[PDB]
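Structure data follow from protein-v7.txt (compact mmCIF, C-alpha atoms):
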```
# COMPACT_ATOMS: atom_id res chain seq x y z
CA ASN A 1 -46.83 22.76 72.92
CA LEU A 2 -46.44 26.27 74.31
CA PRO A 3 -44.97 26.48 77.83
CA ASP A 4 -46.82 27.73 80.90
CA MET A 5 -47.84 31.32 80.20
CA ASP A 6 -47.06 32.35 83.79
CA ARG A 7 -43.78 30.43 84.00
CA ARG A 8 -40.63 32.54 83.94
CA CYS A 9 -38.16 32.03 81.11
CA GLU A 10 -35.21 29.71 81.73
CA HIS A 11 -32.92 32.01 79.69
CA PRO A 12 -34.40 35.51 80.00
CA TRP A 13 -31.41 37.40 78.59
CA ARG A 14 -31.13 35.02 75.63
CA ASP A 15 -34.79 35.52 74.73
CA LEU A 16 -34.55 39.30 75.19
CA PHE A 17 -31.44 39.49 73.01
CA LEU A 18 -33.10 37.35 70.35
CA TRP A 19 -36.25 39.48 70.46
CA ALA A 20 -34.33 42.75 70.24
CA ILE A 21 -32.26 41.33 67.40
CA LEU A 22 -35.14 40.14 65.22
CA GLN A 23 -36.30 43.77 64.93
CA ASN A 24 -33.02 45.55 64.14
CA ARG A 25 -32.83 47.27 67.51
CA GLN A 26 -29.09 47.19 68.00
CA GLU A 27 -28.50 49.37 71.04
CA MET A 28 -30.96 47.34 73.09
CA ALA A 29 -29.65 44.08 71.64
CA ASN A 30 -26.19 45.17 72.70
CA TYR A 31 -27.31 45.84 76.26
CA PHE A 32 -28.98 42.42 76.46
CA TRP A 33 -25.84 40.76 75.08
CA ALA A 34 -23.77 42.51 77.75
CA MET A 35 -25.93 40.72 80.34
CA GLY A 36 -26.26 37.26 78.77
CA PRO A 37 -24.51 34.19 80.16
CA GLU A 38 -22.86 33.03 76.90
CA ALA A 39 -21.69 36.05 74.91
CA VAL A 40 -19.60 34.65 72.04
CA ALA A 41 -22.37 32.33 70.85
CA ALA A 42 -24.94 35.10 71.30
CA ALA A 43 -22.85 37.53 69.24
CA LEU A 44 -22.36 34.97 66.46
CA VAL A 45 -26.10 34.21 66.40
CA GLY A 46 -26.79 37.93 66.29
CA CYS A 47 -24.45 38.54 63.37
CA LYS A 48 -25.92 35.55 61.51
CA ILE A 49 -29.45 36.88 61.99
CA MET A 50 -28.40 40.40 60.96
CA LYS A 51 -26.73 39.25 57.75
CA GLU A 52 -29.75 37.05 57.05
CA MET A 53 -32.15 39.97 57.45
CA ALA A 54 -29.93 42.30 55.40
CA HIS A 55 -31.20 40.62 52.24
CA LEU A 56 -34.84 40.84 53.33
CA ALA A 57 -34.58 44.50 54.33
CA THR A 58 -36.78 46.80 52.26
CA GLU A 59 -35.50 50.25 53.29
CA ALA A 60 -31.96 51.18 52.29
CA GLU A 61 -31.22 52.76 55.68
CA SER A 62 -32.26 49.60 57.53
CA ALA A 63 -30.16 47.43 55.21
CA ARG A 64 -27.16 49.72 55.70
CA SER A 65 -27.55 49.56 59.48
CA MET A 66 -27.90 45.77 59.29
CA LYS A 67 -24.73 45.37 57.21
CA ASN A 68 -22.84 47.30 59.93
CA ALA A 69 -24.13 45.27 62.88
CA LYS A 70 -20.51 44.61 64.01
CA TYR A 71 -21.77 41.79 66.22
CA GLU A 72 -18.97 39.58 64.93
CA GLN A 73 -16.63 42.34 66.12
CA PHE A 74 -18.00 41.91 69.64
CA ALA A 75 -17.32 38.17 69.50
CA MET A 76 -13.79 38.69 68.19
CA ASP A 77 -12.98 41.29 70.85
CA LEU A 78 -14.39 39.23 73.72
CA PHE A 79 -12.60 36.10 72.52
CA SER A 80 -9.37 38.09 72.19
CA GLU A 81 -9.79 39.08 75.84
CA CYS A 82 -10.50 35.47 76.83
CA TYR A 83 -7.53 34.16 74.84
CA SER A 84 -5.21 36.75 76.37
CA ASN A 85 -6.50 35.76 79.81
CA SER A 86 -6.11 31.97 79.80
CA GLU A 87 -5.42 30.59 76.27
CA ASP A 88 -6.28 27.19 77.77
CA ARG A 89 -9.86 27.88 78.83
CA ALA A 90 -10.38 29.70 75.52
CA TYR A 91 -10.09 26.44 73.55
CA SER A 92 -12.58 24.74 75.88
CA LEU A 93 -14.88 27.73 75.39
CA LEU A 94 -14.57 27.32 71.62
CA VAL A 95 -15.21 23.56 71.62
CA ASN B 1 -42.02 92.54 28.60
CA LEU B 2 -40.59 93.44 32.00
CA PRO B 3 -42.91 92.82 34.97
CA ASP B 4 -44.36 95.52 37.20
CA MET B 5 -41.45 97.36 38.78
CA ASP B 6 -43.29 97.63 42.11
CA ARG B 7 -44.59 94.05 42.09
CA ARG B 8 -42.92 91.68 44.54
CA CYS B 9 -41.09 88.65 43.17
CA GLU B 10 -42.97 85.36 43.04
CA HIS B 11 -39.79 83.46 44.01
CA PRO B 12 -37.67 85.89 46.04
CA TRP B 13 -35.19 83.35 47.40
CA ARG B 14 -34.68 81.82 43.94
CA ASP B 15 -33.88 85.22 42.43
CA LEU B 16 -31.60 86.16 45.34
CA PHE B 17 -29.72 82.86 45.09
CA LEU B 18 -29.36 83.28 41.33
CA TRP B 19 -28.15 86.86 41.75
CA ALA B 20 -25.64 85.94 44.44
CA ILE B 21 -24.44 83.04 42.33
CA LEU B 22 -23.84 84.97 39.11
CA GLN B 23 -21.20 87.03 40.94
CA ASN B 24 -19.22 84.29 42.73
CA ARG B 25 -20.47 85.28 46.17
CA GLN B 26 -20.67 81.84 47.72
CA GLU B 27 -21.34 82.51 51.39
CA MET B 28 -24.35 84.65 50.54
CA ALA B 29 -25.48 82.21 47.86
CA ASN B 30 -25.30 79.48 50.47
CA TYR B 31 -27.48 81.43 52.89
CA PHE B 32 -30.07 82.07 50.17
CA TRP B 33 -30.04 78.38 49.22
CA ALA B 34 -30.64 77.47 52.86
CA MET B 35 -33.88 79.49 52.64
CA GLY B 36 -35.14 78.51 49.19
CA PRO B 37 -38.17 76.27 48.65
CA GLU B 38 -36.51 73.75 46.29
CA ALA B 39 -32.93 73.12 47.38
CA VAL B 40 -31.70 70.19 45.26
CA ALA B 41 -32.59 71.90 41.98
CA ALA B 42 -31.15 75.18 43.25
CA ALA B 43 -27.88 73.49 44.22
CA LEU B 44 -27.60 71.76 40.85
CA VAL B 45 -28.28 75.04 39.02
CA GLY B 46 -25.68 76.72 41.20
CA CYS B 47 -23.02 74.12 40.47
CA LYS B 48 -23.81 74.28 36.74
CA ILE B 49 -23.44 78.06 36.74
CA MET B 50 -20.22 77.87 38.77
CA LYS B 51 -18.59 75.34 36.44
CA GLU B 52 -19.76 77.41 33.48
CA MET B 53 -18.17 80.57 34.88
CA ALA B 54 -14.97 78.74 35.84
CA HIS B 55 -13.91 78.83 32.19
CA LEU B 56 -14.75 82.52 31.81
CA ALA B 57 -12.93 83.51 35.01
CA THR B 58 -9.97 85.82 34.42
CA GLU B 59 -8.27 85.80 37.84
CA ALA B 60 -6.72 82.54 39.01
CA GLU B 61 -8.04 82.97 42.56
CA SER B 62 -11.61 83.42 41.32
CA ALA B 63 -11.31 80.38 39.06
CA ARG B 64 -9.92 78.30 41.94
CA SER B 65 -12.79 79.37 44.19
CA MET B 66 -15.28 78.60 41.42
CA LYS B 67 -13.88 75.10 40.86
CA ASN B 68 -14.41 74.41 44.59
CA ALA B 69 -18.01 75.62 44.75
CA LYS B 70 -19.09 72.27 46.30
CA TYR B 71 -22.70 73.09 45.44
CA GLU B 72 -23.13 69.58 44.07
CA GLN B 73 -21.97 68.40 47.50
CA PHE B 74 -24.89 70.27 49.07
CA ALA B 75 -27.32 68.54 46.71
CA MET B 76 -25.82 65.11 47.40
CA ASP B 77 -25.91 65.62 51.17
CA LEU B 78 -29.48 66.93 51.21
CA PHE B 79 -30.66 64.13 48.94
CA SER B 80 -28.89 61.59 51.16
CA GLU B 81 -30.86 63.00 54.09
CA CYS B 82 -34.10 62.84 52.09
CA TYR B 83 -33.41 59.28 50.91
CA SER B 84 -32.60 58.14 54.45
CA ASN B 85 -35.84 59.75 55.63
CA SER B 86 -38.42 58.31 53.22
CA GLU B 87 -36.78 56.57 50.20
CA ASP B 88 -40.25 56.72 48.63
CA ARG B 89 -40.74 60.48 48.57
CA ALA B 90 -37.12 60.82 47.41
CA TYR B 91 -37.92 59.24 44.04
CA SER B 92 -40.92 61.55 43.59
CA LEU B 93 -38.63 64.46 44.47
CA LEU B 94 -36.17 63.31 41.81
CA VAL B 95 -38.79 62.84 39.08
```

Output the structure of this file as structure tokens.
Amino acid sequence: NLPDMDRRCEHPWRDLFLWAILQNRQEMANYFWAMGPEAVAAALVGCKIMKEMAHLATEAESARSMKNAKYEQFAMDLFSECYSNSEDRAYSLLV
Amino acid sequence: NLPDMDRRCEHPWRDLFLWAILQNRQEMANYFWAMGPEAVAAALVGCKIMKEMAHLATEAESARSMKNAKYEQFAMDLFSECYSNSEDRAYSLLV
């Protein structure tokens, strides 16, 4: 079921962002998100995964960092920029 | 009952901090606390002694300085650092 081990990823930035997010590395995850093709969906997925891991976090420092992921803030800011730009392509982007 | 007058103190920084604290010298007391072996207990003892002397203070300026000893703040900050570091050695430190 696994793909070809030598075949390059179809969505490299998506996989890198997902990988960096599963391990609470936020600075790196942020850099990967800044390079991904679809940023609003990536930010929402990131915030979902962060708030999901916040419960499973053992260390208090890691849980505190996870609760302040502010990945939803990235999505809101980028969508505010998009809405200010077009306000007609923004709806198509949403839907 | 007194110890040997020429014998060096077993806990020099503790005695210096205690001495500097009994006389409302806070800057010096702070420096001694920064050098002591056990800092959380020293800070709590310092804040206890300060709030105990605050009642006995005659001058209003001395009482005002004593009520703002913020030695409990030092203990809280240092324990926050310790808890963020290990969170498992912090409990052993507490108990």

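In this structure, the chain B residues at most 12 Å away from chain A are residues 80, 81, 82, 83, 84, 85, 86, 87, 88 and 90 of chain B, with only C-alpha atoms considered.
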
Neighbours of point (-19.1, 28.8, 75.1) within 12 Å, using all atoms listed in the file, written as an MDAnalysis selection string: chainID A and resid 36:44 75 78:79 82 89:95

Between atom CA of residue 18 of chain A and atom CA of residue 46 of chain A, what distance in Å does the model show, to one decimal? 7.5 Å

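One finds atom CA of residue 20 of chain A at 15.0 Å from atom CA of residue 51 of chain A.
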
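Residues with any atom within 10 Å of residue 49 of chain B, counting only C-alpha atoms and excluding same-chain neighbours fewer than 4 positions away, are residues 18, 21, 22, 24, 43, 44, 45, 53, 54, 66 and 69 of chain B.
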
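With all atoms listed in the file as the basis for measurement, A:32 is the residue among A:76, A:32, A:68, A:52 that approaches residue 12 of chain A most closely.
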
With a distance cut-off of 10 Å and only C-alpha atoms, select the neighbouring residues of residue 31 of chain B, excluding the residue or stretch itself and same-chain residues fewer than 3 positions from it, and output the selection as an MDAnalysis selection string. chainID B and resid 13 16:17 20 26:28 34:36

In Å, with one decimal, what is the gap from atom CA of residue 57 of chain B to atom CA of residue 15 of chain B? 22.3 Å
